[PDB]
Amino acid sequence: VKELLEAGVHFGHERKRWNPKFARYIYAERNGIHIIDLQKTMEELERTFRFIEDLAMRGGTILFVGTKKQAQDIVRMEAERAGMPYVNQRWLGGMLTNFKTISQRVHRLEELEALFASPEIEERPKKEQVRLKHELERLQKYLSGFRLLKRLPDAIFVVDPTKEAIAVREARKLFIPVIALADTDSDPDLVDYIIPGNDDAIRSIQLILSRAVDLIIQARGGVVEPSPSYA
RNA sequence: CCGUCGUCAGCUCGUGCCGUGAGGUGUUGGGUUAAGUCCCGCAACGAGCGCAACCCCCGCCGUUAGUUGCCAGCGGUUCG
Ligand SMILES: [Mg+2]
Ligand SMILES: [Mg+2]
Ligand SMILES: [Mg+2]
Ligand SMILES: [Mg+2]
Ligand SMILES: [Mg+2]
Ligand SMILES: [Mg+2]
Ligand SMILES: [Mg+2]
Ligand SMILES: [Mg+2]
Ligand SMILES: [Mg+2]
Ligand SMILES: [Mg+2]
Ligand SMILES: [Mg+2]
């Protein structure tokens, strides 16, 4: 499952826009660029996946965090493939720390599902349709992956702990383990299970996500061959 | 019970987040409207009292009804 042709996909980026805590996972600066010791990536995959694999067979949910436009679509395929929740658009404040309240806003979604599946009155004003439809069209935009989540995840898995510091912040306050693919602009000490790698190139996001999705499905009852990606 | 600022676009709440704390946040920000009006954005997410709507008068048309009201037509018409 592990693989070594990762250097055929990322080895890292971003110059002196670095975070000094990450130096322990950096090989050298060549291309005017911080370069990640890929060896140092394997070590942490071994330990991180052990967590994920051990987390797999226990039948426990995982929240998928990626919202930079470089990792936007690629998380949506993969979280569904493993049948687990994600956030694609905005990470709402209090998704975790205020779950019962945020998820009180999925009950409005599930309730819209039914109402627009006929009939429960269509003699409701034309303009109210206009209003309700768009609201469904609005709600749908954000919550499509969060709706699966019906309880606090036993872990969360992140693309950018720097870009999604808020997510990381809530998880911490809820003692939830934090997992993340994360490059040198990020804060290492902040993540429990670290995948020290490029977090912007779609290449790198595909390799590390999918193979982690596969490790999840492998120990969660079955296996399957390849998954969708743009070249 | 009333005047009043003021028919002005405002005033808050629940939870979460922030601050030792008063409190902030949301309610700020772009745009739009008669309006916290609606949109877009966002550690905020919703809820409430207000705005608006629902009620009355007027402007067009219709159905129903035709006296004490009306008279288009015809006939009588002392001439109403
Ligand atoms: Mg990065
Ligand atoms: Mg509060
Ligand atoms: Mg202060
Ligand atoms: Mg406090
Ligand atoms: Mg307060
Ligand atoms: Mg105000
Ligand atoms: Mg205020
Ligand atoms: Mg404004
Ligand atoms: Mg006004
Ligand atoms: Mg309003
Ligand atoms: Mg706001």
# chains A, B, ... in the order shown; residues from 1 in each chain; ligands from 1
>>> residues_near_ligand(ligand="ligand 2", cutoff="10 Å", atoms="only C-alpha atoms (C1' of nucleotides) and all ligand atoms", output="ChimeraX atom specification")
/B:13-17,24-26
>>> write_last_selection(atoms="N, CA and C atoms (P, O5', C5', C4', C3', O3' and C1' of nucleotides)", output="PDB file, in the first residue's frame")
ATOM      1  P     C B  13     -28.681  40.580  24.448  1.00  0.00           P
ATOM      2  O5'   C B  13     -29.496  39.239  24.187  1.00  0.00           O
ATOM      3  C5'   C B  13     -30.737  39.001  24.832  1.00  0.00           C
ATOM      4  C4'   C B  13     -31.389  37.765  24.282  1.00  0.00           C
ATOM      5  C3'   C B  13     -30.502  36.533  24.236  1.00  0.00           C
ATOM      6  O3'   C B  13     -30.490  35.835  25.466  1.00  0.00           O
ATOM      7  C1'   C B  13     -31.584  36.817  22.147  1.00  0.00           C
ATOM      8  P     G B  14     -29.191  35.002  25.901  1.00  0.00           P
ATOM      9  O5'   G B  14     -29.250  33.684  25.014  1.00  0.00           O
ATOM     10  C5'   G B  14     -30.306  32.754  25.163  1.00  0.00           C
ATOM     11  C4'   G B  14     -30.114  31.578  24.247  1.00  0.00           C
ATOM     12  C3'   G B  14     -28.709  30.999  24.206  1.00  0.00           C
ATOM     13  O3'   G B  14     -28.429  30.131  25.295  1.00  0.00           O
ATOM     14  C1'   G B  14     -29.550  31.236  22.004  1.00  0.00           C
ATOM     15  P     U B  15     -26.961  30.111  25.955  1.00  0.00           P
ATOM     16  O5'   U B  15     -26.056  29.350  24.888  1.00  0.00           O
ATOM     17  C5'   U B  15     -26.319  28.001  24.543  1.00  0.00           C
ATOM     18  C4'   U B  15     -25.650  27.627  23.247  1.00  0.00           C
ATOM     19  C3'   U B  15     -24.153  27.857  23.150  1.00  0.00           C
ATOM     20  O3'   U B  15     -23.392  26.850  23.793  1.00  0.00           O
ATOM     21  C1'   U B  15     -25.205  28.630  21.181  1.00  0.00           C
ATOM     22  P     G B  16     -21.896  27.163  24.293  1.00  0.00           P
ATOM     23  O5'   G B  16     -21.090  27.463  22.949  1.00  0.00           O
ATOM     24  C5'   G B  16     -20.737  26.406  22.067  1.00  0.00           C
ATOM     25  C4'   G B  16     -20.036  26.910  20.829  1.00  0.00           C
ATOM     26  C3'   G B  16     -18.761  27.712  21.047  1.00  0.00           C
ATOM     27  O3'   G B  16     -17.620  26.903  21.266  1.00  0.00           O
ATOM     28  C1'   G B  16     -20.135  28.834  19.499  1.00  0.00           C
ATOM     29  P     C B  17     -16.430  27.446  22.195  1.00  0.00           P
ATOM     30  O5'   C B  17     -15.799  28.628  21.339  1.00  0.00           O
ATOM     31  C5'   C B  17     -15.061  28.347  20.164  1.00  0.00           C
ATOM     32  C4'   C B  17     -14.751  29.602  19.389  1.00  0.00           C
ATOM     33  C3'   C B  17     -13.940  30.645  20.126  1.00  0.00           C
ATOM     34  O3'   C B  17     -12.565  30.331  20.182  1.00  0.00           O
ATOM     35  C1'   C B  17     -15.739  31.698  19.039  1.00  0.00           C
ATOM     36  P     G B  24     -20.834  44.957  23.152  1.00  0.00           P
ATOM     37  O5'   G B  24     -19.614  44.371  22.319  1.00  0.00           O
ATOM     38  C5'   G B  24     -18.616  45.217  21.776  1.00  0.00           C
ATOM     39  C4'   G B  24     -17.565  44.403  21.074  1.00  0.00           C
ATOM     40  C3'   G B  24     -18.032  43.623  19.859  1.00  0.00           C
ATOM     41  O3'   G B  24     -18.109  44.419  18.688  1.00  0.00           O
ATOM     42  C1'   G B  24     -16.739  42.215  21.239  1.00  0.00           C
ATOM     43  P     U B  25     -19.295  44.194  17.625  1.00  0.00           P
ATOM     44  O5'   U B  25     -19.121  42.665  17.190  1.00  0.00           O
ATOM     45  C5'   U B  25     -17.951  42.218  16.515  1.00  0.00           C
ATOM     46  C4'   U B  25     -17.866  40.708  16.421  1.00  0.00           C
ATOM     47  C3'   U B  25     -18.942  39.998  15.610  1.00  0.00           C
ATOM     48  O3'   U B  25     -18.645  40.025  14.226  1.00  0.00           O
ATOM     49  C1'   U B  25     -18.531  38.820  17.643  1.00  0.00           C
ATOM     50  P     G B  26     -19.405  41.034  13.231  1.00  0.00           P
ATOM     51  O5'   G B  26     -20.765  40.294  12.872  1.00  0.00           O
ATOM     52  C5'   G B  26     -20.758  39.029  12.233  1.00  0.00           C
ATOM     53  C4'   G B  26     -21.888  38.172  12.732  1.00  0.00           C
ATOM     54  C3'   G B  26     -23.289  38.717  12.520  1.00  0.00           C
ATOM     55  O3'   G B  26     -23.762  38.492  11.201  1.00  0.00           O
ATOM     56  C1'   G B  26     -23.067  37.902  14.736  1.00  0.00           C
TER      57        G B  26
END
>>> residues_around(residues="residue 13 of chain A", least_positions_apart="3", cutoff="7 Å", atoms="only C-alpha atoms (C1' of nucleotides)", output="list in words")
residues 33, 34, 35 and 198 of chain A
>>> atom_distance(atom1="atom CA of residue 155 of chain A", atom2="atom CA of residue 179 of chain A")
7.2 Å
>>> atom_distance(atom1="atom CA of residue 185 of chain A", atom2="atom 1 (Mg, counted along the ligand's line) of ligand 1")
5.8 Å
>>> residues_around(residues="residue 168 of chain A", least_positions_apart="2", cutoff="9 Å", atoms="only C-alpha atoms (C1' of nucleotides)", output="PyMOL selection string")
chain A and resi 156+158+161-162+164-166+170-173+178+190-191
>>> interface_residues(of="chain A", to="chain B", cutoff="12 Å", atoms="only C-alpha atoms (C1' of nucleotides)", output="count of residues only")
25
>>> residues_around(residues="segment 67-69 of chain A", least_positions_apart="6", cutoff="9 Å", atoms="only C-alpha atoms (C1' of nucleotides)", output="compact mmCIF listing (two decimals) with C-alpha atoms, in the first residue's frame")
# COMPACT_ATOMS: atom_id res chain seq x y z
CA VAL A 75 -11.57 15.45 -1.54
CA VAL A 87 -16.25 19.81 3.72
CA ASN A 88 -15.73 21.21 0.24
CA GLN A 89 -16.72 24.87 0.35
CA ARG A 90 -16.51 26.89 3.59
CA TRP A 91 -15.55 25.50 6.96
CA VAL A 159 -4.99 19.23 3.55
CA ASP A 160 -3.77 22.57 5.00
CA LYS A 163 -5.20 27.23 5.65
CA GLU A 164 -7.65 25.36 7.86
CA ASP A 200 -1.00 22.23 -3.13
>>> residues_around(residues="segment 6-11 of chain B", least_positions_apart="5", cutoff="8 Å", atoms="only C-alpha atoms (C1' of nucleotides)", output="list in words")
residues 35, 36, 49, 50 and 51 of chain B
>>> residues_near_ligand(ligand="ligand 3", cutoff="12 Å", atoms="only C-alpha atoms (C1' of nucleotides) and all ligand atoms", output="list in words")
residues 18, 19, 20, 21, 22, 23 and 24 of chain B
>>> select_by_dssp(residues="segment 10-207 of chain A", states="alpha helix (DSSP H)", output="JSON, numbers by chain")
{"A": [39, 40, 41, 42, 43, 44, 45, 46, 47, 48, 49, 50, 51, 52, 53, 54, 55, 56, 72, 73, 74, 75, 76, 77, 78, 79, 80, 81, 99, 100, 101, 102, 107, 108, 109, 110, 111, 112, 113, 114, 115, 126, 127, 128, 129, 130, 131, 132, 133, 134, 135, 136, 137, 138, 139, 140, 141, 142, 143, 165, 166, 167, 168, 169, 170, 171, 172, 173, 202, 203, 204, 205, 206, 207]}
>>> atom_distance(atom1="atom CA of residue 186 of chain A", atom2="atom CA of residue 19 of chain A")
6.1 Å
>>> residues_around(residues="residue 220 of chain A", least_positions_apart="4", cutoff="10 Å", atoms="only C-alpha atoms (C1' of nucleotides)", output="number ranges by chain")
A: 53-60, 82, 214-216
